[PDB]
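Only one structure is covered here, and it is reproduced in the block below.
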Amino acid sequence: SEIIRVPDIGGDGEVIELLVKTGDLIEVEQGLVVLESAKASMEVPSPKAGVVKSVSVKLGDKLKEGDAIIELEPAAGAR
């Protein structure tokens, strides 16, 4: 599996709400969370089709570039 830390933004990212659960199988396409920026709102969908294995962040909590968000478990192989 691989963990997904904050992407390349250039400042501080803040979590507004978490619309995902643990053990939930997402798909490369749907959204995952909504971070905020100095003067703009961004989004973070599922960068990998797998099931939520663990969570290293909380909703409403603020994190800085380099902070891990969640870990997707795509298993060994798929299809």
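Ligands are numbered from 1 in the order shown, residues from 1 within each chain, and chains are lettered A, B, ... in the order they appear in the structure tokens.
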### Task
Find the residues around residue 39 (chain A) up to 12 Å (only C-alpha atoms counted), leave out those fewer than 5 positions away in its own chain, and share them as a list in words.
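Result of the neighbour search: residues 11, 12, 13 and 14 of chain A.
Restricting the calculation to only C-alpha atoms, the smallest distance between residue 30 (chain A) and any of A:76, A:57, A:49, A:42 is found for A:49.
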### Message
Give me the residues near residue 53 (chain A) as a ChimeraX atom specification, where near means some atom within 6 Å (using only C-alpha atoms) and where sequence neighbours in that chain fewer than 3 positions away do not count.
### Response
/A:23,71-73
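Across A:2, A:41, A:59, A:35, the tightest approach to residue 75 (chain A) is made by A:2 when counting only C-alpha atoms.
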### Query
What's the 7 Å shell around residue 15 (chain A), counting only C-alpha atoms, without same-chain residues fewer than 3 positions away, as a list in words?
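Close residues of residue 15 (chain A): residues 34, 35, 36, 59, 60, 61 and 62 of chain A.
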Output file for the selection above: N, CA and C atoms, as a PDB file, in the first residue's frame:
ATOM      1  N   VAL A  34     -11.919  18.341   1.148  1.00  0.00           N
ATOM      2  CA  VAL A  34     -11.863  19.719   0.583  1.00  0.00           C
ATOM      3  C   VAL A  34     -10.936  20.584   1.438  1.00  0.00           C
ATOM      4  N   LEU A  35      -9.753  20.856   0.958  1.00  0.00           N
ATOM      5  CA  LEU A  35      -8.804  21.693   1.744  1.00  0.00           C
ATOM      6  C   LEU A  35      -9.008  23.167   1.388  1.00  0.00           C
ATOM      7  N   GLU A  36      -8.488  24.058   2.187  1.00  0.00           N
ATOM      8  CA  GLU A  36      -8.652  25.510   1.893  1.00  0.00           C
ATOM      9  C   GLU A  36      -7.279  26.139   1.648  1.00  0.00           C
ATOM     10  N   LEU A  59     -10.976  15.581  10.576  1.00  0.00           N
ATOM     11  CA  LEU A  59     -11.720  16.650   9.852  1.00  0.00           C
ATOM     12  C   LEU A  59     -11.674  17.946  10.665  1.00  0.00           C
ATOM     13  N   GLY A  60     -11.495  19.061  10.012  1.00  0.00           N
ATOM     14  CA  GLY A  60     -11.442  20.355  10.749  1.00  0.00           C
ATOM     15  C   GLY A  60     -10.012  20.616  11.224  1.00  0.00           C
ATOM     16  N   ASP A  61      -9.171  19.618  11.182  1.00  0.00           N
ATOM     17  CA  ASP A  61      -7.764  19.810  11.631  1.00  0.00           C
ATOM     18  C   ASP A  61      -6.944  20.420  10.493  1.00  0.00           C
ATOM     19  N   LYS A  62      -5.954  21.207  10.817  1.00  0.00           N
ATOM     20  CA  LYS A  62      -5.120  21.832   9.753  1.00  0.00           C
ATOM     21  C   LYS A  62      -3.770  21.112   9.675  1.00  0.00           C
TER      22      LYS A  62
END
### Task
Can you list, as a ChimeraX atom specification, all residues belonging to region 29-65 of chain A that DSSP tags as strand (DSSP E or B)?
/A:30,33-37,40-41,44,51-55,62-64
### Query
Using only C-alpha atoms, which of A:51, A:43, A:27, A:38 sits nearest residue 74 (chain A)?
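For residue 74 (chain A), the nearest of the given residues is A:51.
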### Query
What does the distance between CA of residue 9 (chain A) and CA of residue 55 (chain A) come to in Å, to one decimal place?
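Interatomic distance here is 21.0 Å.
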### Task
Tell me which of A:40, A:54, A:79, A:45 sits closest to residue 7 (chain A), counting only C-alpha atoms.
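Closest candidate: A:45.
With CA of residue 21 (chain A) on one side and CA of residue 44 (chain A) on the other, the separation reads 14.7 Å.
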## Note on the structure
residue 10 (chain A) proximity check over A:37, A:68, A:78, A:58, using only C-alpha atoms: winner is A:37
### Query
Please, what distance in Å, to one decimal, runs between CA of residue 6 (chain A) and CA of residue 70 (chain A)?
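According to the coordinates, CA of residue 6 (chain A) and CA of residue 70 (chain A) are separated by 9.8 Å.
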